[PDB]
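2 protein chains.
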Amino acid sequence: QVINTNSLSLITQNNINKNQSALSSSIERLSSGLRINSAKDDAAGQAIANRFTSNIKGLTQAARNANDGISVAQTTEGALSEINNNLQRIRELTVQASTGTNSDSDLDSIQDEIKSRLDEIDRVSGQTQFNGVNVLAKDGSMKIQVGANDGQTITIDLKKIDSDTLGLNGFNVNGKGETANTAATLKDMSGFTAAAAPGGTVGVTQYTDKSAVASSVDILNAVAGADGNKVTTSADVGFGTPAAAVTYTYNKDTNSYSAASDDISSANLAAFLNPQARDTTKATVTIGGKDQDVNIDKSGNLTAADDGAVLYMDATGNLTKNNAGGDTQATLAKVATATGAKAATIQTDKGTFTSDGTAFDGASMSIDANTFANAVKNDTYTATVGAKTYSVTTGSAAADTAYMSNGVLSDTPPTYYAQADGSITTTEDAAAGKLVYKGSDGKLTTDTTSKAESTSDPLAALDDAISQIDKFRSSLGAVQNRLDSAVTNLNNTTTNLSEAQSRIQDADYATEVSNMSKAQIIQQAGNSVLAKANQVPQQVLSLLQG
Amino acid sequence: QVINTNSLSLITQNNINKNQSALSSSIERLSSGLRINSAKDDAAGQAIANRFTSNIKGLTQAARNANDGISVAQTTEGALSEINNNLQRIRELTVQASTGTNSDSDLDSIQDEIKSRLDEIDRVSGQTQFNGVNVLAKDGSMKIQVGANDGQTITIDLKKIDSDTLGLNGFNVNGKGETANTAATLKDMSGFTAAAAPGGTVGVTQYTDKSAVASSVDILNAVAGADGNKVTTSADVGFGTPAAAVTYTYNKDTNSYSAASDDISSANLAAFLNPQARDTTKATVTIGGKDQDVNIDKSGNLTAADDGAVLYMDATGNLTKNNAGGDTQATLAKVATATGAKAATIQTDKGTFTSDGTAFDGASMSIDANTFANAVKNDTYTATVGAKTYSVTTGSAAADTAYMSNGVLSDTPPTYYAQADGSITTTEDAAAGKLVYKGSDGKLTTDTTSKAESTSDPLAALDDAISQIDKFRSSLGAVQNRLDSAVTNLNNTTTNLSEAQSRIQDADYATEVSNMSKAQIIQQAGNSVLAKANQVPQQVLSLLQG
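Here the protein sequences line up with chains B and A, keeping their order. Position one of the first sequence corresponds to residue 3 (the entry's author numbering), numbered consecutively onward. Position one of the second sequence corresponds to residue 3 (the entry's author numbering), numbered consecutively onward.
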């Protein structure tokens, strides 16, 4: 009974408006097929779906990468298998070649063919490549990404395999083999004669090969060869040049000989620490509880270890370091007596030094071996070796008690005894002695055999190469099995995660068709009731009778 | 008969007003489709509908959660199946390798592949994940919400599965396999404490393991192991028992220690040459340029080296040896002064001897090493080794400068530095040090591996590991079926509750359309009767006749 200013059709319109959102959402949900289409839905679901999608894509790419790794491992394994076949053939040839019934032509032919197959192995090692990467040319590792998160990879170990790595660097089966050596040749013994015969046997004559006097450098090599020997010398370069003390003993412990000397170097620091005309050395000086780092050059200015800081000596009565003192300029000469008075130390890397008075007392010097030999090659010394004492006085073998053996220094010359029957034996009694032989190198070596230039133990070396290649092949096989397992895992995981993500997205149409029917029926009923509502007002017109 | 002041239409308007509310309610109900739209209807019904709606939504979301739990269980089960297959292959390989017809190379290959697959098991254990959650990395539990009200959950048990948990920590069938060692374990360092920190770093504390003082016998094996060392000792058995001279130095050259001593053994030959109570030793005596062979027993009769010839000492004025002399009987005491006066030698195999006066001068003695060690185990000596000097005074490590390292004697004790972060390093600066480890043996070795003898009953251990993983698989299966049953129950319950809530809301349209029709018809009737009511009054105007 009101003029449309309180009409009830507004309620119907509002209800239709409330329905329209559900209608639109239902139709759109049918169209997409995914429950979550924008942030208006459960945004947490959207984020979880996005994370799941990223995981699934990364997992699939990782699976493809693992397959690629399997392929590269397969190529490498095939190459290794044929290399193994070649090595087995070479071993078979070597087994053939060991028989003594073969002429030098036969051995040469076998060597030619073996060299051919070794070059074949080298070639196939260099040749094999997989997409610009040489599998067998370098001892690297290859990382295979099979996981979604960074840092999770599988490593394939690759070794450089060739003739050098497998060994034998030229198998060389064709060298001149086992050869019998020639006899004693009594006439060749032109050494010093002596009928001493300490056993008194009338039928033996002792021959000594003199002129084997070792040189001084030989003495130095002998002492340097062994570790832990003793050498006493005077008149050394740098330290010991005044030679106030003679017994230094140089304390050879592990490496280039050390030393120990009393107050002798006071002015020799520049000569020692600066071998050349412009050398400068780092050193550490402390007064006691005050560790300061300094540079020493030609016994001149004690330049501070800073970039360009220059230290000045000051503090008369204390004699410490200060960059900004107000007295005379610092030099090594006076700081020597300063340290002697204050009982400090100036120890450096190549020698720990202290002073009492006006001269440095060396403690733990360490002179270079080559320089030491160059300095004392022509002076007197009593260098000793294990359980032996050797004397040298301004000339090699002053006492004439050092003799050069085959390769070692001995106090006794090579003694050769000549027997009555023309043989030469190392000892008087023929029951012992191992009658000496001659041949192919001189020096009258006491063996019946000359070294054969062929490979020493060919079969063992070839079996070692076979073992190496088979270990490599086993490594590749284990890696291949592990990658196959990784692929199976990653497939199962990506399937499960795909279903998981499907449970969050991907709205069930079974519910959505019924929801659409709801929305459409409500919309139709609402529009019709809106019509029925707006057909009401004209009753007031009917009342007016106009 | 009244002019609108007692109007008869008022009841008509009032009745139309009453029915208008019903008409509007019917139209609105038809538009919405729900029986209750606001509190004007049965409010208790509205509250009940709200509660049912909340319950239905909660149950649906719980069903989705249950599905997610099923998916994660499936992924875990797949990973466990892969691990189980790997373990089966390990068992098969172990059964193969138990046979005694195999060489060390075959065992090496088998152990290599077993180790490879064990590392594969560990990798698949570590890298398996479900949406940022590692199922097999911890012994945790995951709660799945399947109910509408808080606290109603289902728990899934997860166990940490890896090579450590299953046991055997390196299956190690071949031998010389590797097991991981433990960490620094700062708390175990019970050695002597020293905050000295020579580098001055505040955060470093130096710990030294004291009580590592080597015994004197340890020094003896230390000196004896190396060849050519120096040992200075007095108060020795036999030679040096009077200890007239102290600096012997024992001249170790190649083997059991030698010696060099002045005239001290004059009467000590009987004890020294005859360690037991009746021993006899052969000897060679020469009065110069002319050798004679003799036997010595307890300094008594100088029996000739013949079968039974007995030598007596003779020749006053020359002091010769005659097997047919004509003077008094021979004793070593008398021949001692004979040789001392006449400058002869009695050099033997185990010692070169001469005498001047009435006492023998030893030159090239050779004492047995074991007898030496037993003799000087509890006396003062200053034995030295390569470039080192050691002092002992009536007791092991008198100077307290001897410390027993891992296997060698060093002048410095074992130095361990503990870092601020709880790590223990061999050096103060963390850049170096090779952070120390422990494990399986103590002694704090700087190794990541400690050996382990193969196993006891390998197949039993593999079987127990299989049983563990199989039990885990069964547990996951029981839980997974649990969740399937829960999903079925939730679906049935939410369907029933949805049908329940629908029966309270959702007004029957069958009665509602009839209500609309009745309201509309009665409304038109009311409007028309209102018009007819308004058509009545003008009969009074008809009365007025104007």
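The beta carbon of each residue, even a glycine, is placed where N, CA and C say it ideally should be.
Taking all protein chains shown into account, decide if A:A224 is buried (16 or more other Cβ within 10 angstroms of its Cβ) or exposed. The residue you call residue 224 of chain A lines up with position 222 of the second sequence. Under this definition A:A224 is a buried residue.
Under 7 Å from the C-beta of B:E501: neighbouring residues of chain A: Counted from its first residue, the first sequence places residue 501 of chain B at position 499. Neighbours of B:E501 on chain A, chain order: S73.
Mind checking the stretch 243-261 of chain B against chain A and listing, in chain order, the residues whose C-beta falls within less than 9 Å of any C-beta there? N253, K254, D255, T256 and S260
Would you say residue 2 of chain B lies against chain A (beta-carbon separation less than 9 Å)? No information on residue 2 of chain B is available, as it lies outside the stretch 3 to 548 that chain B covers here.
Scan the stretch 9-34 of chain B and note each continuous alpha helix (DSSP H) run of 4 residues or more that stays entirely inside, going in chain order. 11-34
Going by DSSP, name the residue or residues bridged to B:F362. Numbered from 1 along the first sequence, position 360 holds the residue referred to as residue 362 of chain B. Per DSSP, B:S357.
Of the residues that make up the stretch 42-58 of chain A, which ones have a beta carbon closer than 7 Å to any beta carbon in chain B? none
Which class does B:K284 belong to by DSSP, given the choice of helix, strand or coil? Sequence index remark: in the first sequence, residue 284 of chain B carries index 282 (1-based). Looking at B:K284 - three-state DSSP - the assignment turns out to be strand.
List the residues of chain B that A:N133 touches, going by C-beta distances under 9 Å, in chain order. Working through the second sequence from its first residue, we reach residue 133 of chain A at position 131. Within 9 Å Cβ-Cβ: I50, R53, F54, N57, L499 and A502.
Quick one: which chain A residues come within Cβ less than 7 Å of B:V531? Sequence index remark: in the first sequence, residue 531 of chain B carries index 529 (1-based). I29, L32 and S33, listed in chain order.
Touch test, the stretch 269-281 of chain B against the stretch 297-311 of chain B, Cβ-Cβ under 8 Å, three pairs minimum: yes
Mapping the DSSP letters down to three states, classify B:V387 as helix, strand or coil. To locate residue 387 of chain B, count along the first sequence from 1; it is residue 385. Strand at B:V387.
Can you give me the start and stop residues for the beta strand (DSSP E) that B:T210 sits inside? Here residue 210 of chain B refers to the residue found at position 208 when the first sequence is read from its first residue. Element bounds for B:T210: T207 to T210.
My output table needs one value for B:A261: the three-state DSSP class, helix, strand or coil. The residue labelled residue 261 of chain B in the question sits at position 259 within the first sequence. Here B:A261 sits in strand by DSSP.
Taking buried to mean at least 16 other C-beta atoms within 10 Å of its own C-beta, is B:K323 buried or exposed? If you number the first sequence from 1, residue 323 of chain B lands on position 321. So B:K323 ends up on the buried side.
Grab me the residues of B:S452's own chain with a C-beta within less than 7 Å of its C-beta, minus the 5 sequence neighbours each way, in chain order. Here residue 452 of chain B refers to the residue found at position 450 when the first sequence is read from its first residue. Hits under 7 Å: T181, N183, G441 and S442.
For B:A399, I'd like the list of residues in its chain whose CB is within less than 7 Å of its CB, leaving aside the five on either flank, ordered along the chain. Indexing the first sequence from 1 puts residue 399 of chain B at position 397. Correct list, in chain order: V215 and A216.
Please classify A:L437 as buried or exposed, where buried requires at least 16 other C-beta atoms within 10 Å of its C-beta. Your numbering for residue 437 of chain A matches position 435 in the second sequence. Its Cβ having fewer than 16 others within 10 Å, A:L437 is exposed.
Are the CB atoms of A:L492 and A:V74 nearer to each other than 9 Å? As a working mapping, residue 492 of chain A is identified with position 490 in the second sequence. As a working mapping, residue 74 of chain A is identified with position 72 in the second sequence. No, these two residues do not count as a Cβ contact at 9 Å.
Could you spell out the range, first to last residue, of the beta strand (DSSP E) harbouring B:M144? In the first sequence, counting from the first residue as 1, residue 144 of chain B sits at position 142. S143 to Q147 is the extent of the beta strand (DSSP E) around B:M144.
Say whether chain B places a C-beta atom closer than 9 Å to the C-beta of A:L478. Taking the first residue of the second sequence as position 1, residue 478 of chain A is located at position 476. Not closer than 9 Å to any Cβ of chain B, the Cβ of A:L478 fails to qualify, so no.
Examine the Cβ distances between the stretch 364-371 of chain A and the stretch 255-262 of chain A and report whether three or more of them are shorter than 8 Å. yes
Which residues DSSP lists as bridging A:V438, in chain order: Numbered from its first residue, the second sequence carries residue 438 of chain A at position 436. According to DSSP, A:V438 bridges with nothing at all.
Can you tell me whether DSSP reads A:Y511 as helix, strand or coil? Residue mapping note: residue 511 of chain A aligns to position 509 of the second sequence, counting from 1. Correct three-state label for A:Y511: helix.
Show which residues of chain A have a CB atom less than 9 Å away from the CB atom of B:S9. Counting from 1 along the first sequence, the entry for residue 9 of chain B is found at position 7. Under the 9 Å cutoff, chain A gives no residues; its nearest Cβ is about 10 Å from B:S9.
Measuring only between beta-carbons, confirm whether B:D159 sits less than 9 Å from chain A. The count along the first sequence starts at 1 and reaches residue 159 of chain B at position 157. False, the Cβ-Cβ gap to chain A never drops below 9 Å.
Check the Cβ-Cβ distances between A:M367 and every residue of chain B, and say whether any is below 9 Å. Residue 367 of chain A sits at position 365 when you count from the first residue of the second sequence. Taking Cβ atoms only, chain B never reaches closer than 9 Å to A:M367, which makes this a no.
Beta-carbon within less than 7 Å of A:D449's beta-carbon, same chain only, minus the 5 sequence neighbours each way: which residues are those? Looking up residue 449 of chain A in the second sequence gives position 447. These residues qualify, in order along the chain: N183 and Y439.
Less than 9 Å between the beta carbons of A:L188 and A:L478, yes or no? The residue you call residue 188 of chain A lines up with position 186 of the second sequence. The residue you call residue 478 of chain A lines up with position 476 of the second sequence. Taking 9 Å as the Cβ cut-off, A:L188 and A:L478 do not qualify as a contacting pair.
Let's test the definition: count the other Cβ atoms within 10 Å of the Cβ of B:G134 and tell me whether it reaches 16, buried, or not, exposed. What you label residue 134 of chain B is simply residue 132 of the first sequence in a count that begins at 1. Exposed: under 16 other Cβ atoms inside 10 Å.
Could you give the DSSP three-state label for B:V175: helix, strand or coil? The residue given as residue 175 of chain B occupies position 173 in the first sequence. DSSP places B:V175 in coil when its eight states are reduced to three.
Kindly say whether B:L334, judged by its beta-carbon, lies nearer than 9 Å to any beta-carbon of chain A. Stepping through the first sequence from its first residue, residue 334 of chain B is reached at position 332. It does not; no Cβ of chain A falls within 9 Å.
Let's test the definition: count the other Cβ atoms within 10 Å of the Cβ of B:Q48 and tell me whether it reaches 16, buried, or not, exposed. Indexing the first sequence from 1 puts residue 48 of chain B at position 46. That one is buried.
A:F132 bridges to which residues according to DSSP? Against the second sequence, residue 132 of chain A aligns to sequence position 130. Bridge partners of A:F132: A:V135.
Chain-ordered residues of the stretch 444-473 of chain A with a beta carbon less than 9 Å from chain B: none
Leaving out five residues on either side along the sequence, give the residues of the same chain with a beta carbon under 7 Å from the beta carbon of B:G242. Within the first sequence, residue 242 of chain B is the residue found at index 240, counting from 1. So the list reads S236, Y250, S263 and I266, once near-sequence residues are dropped.
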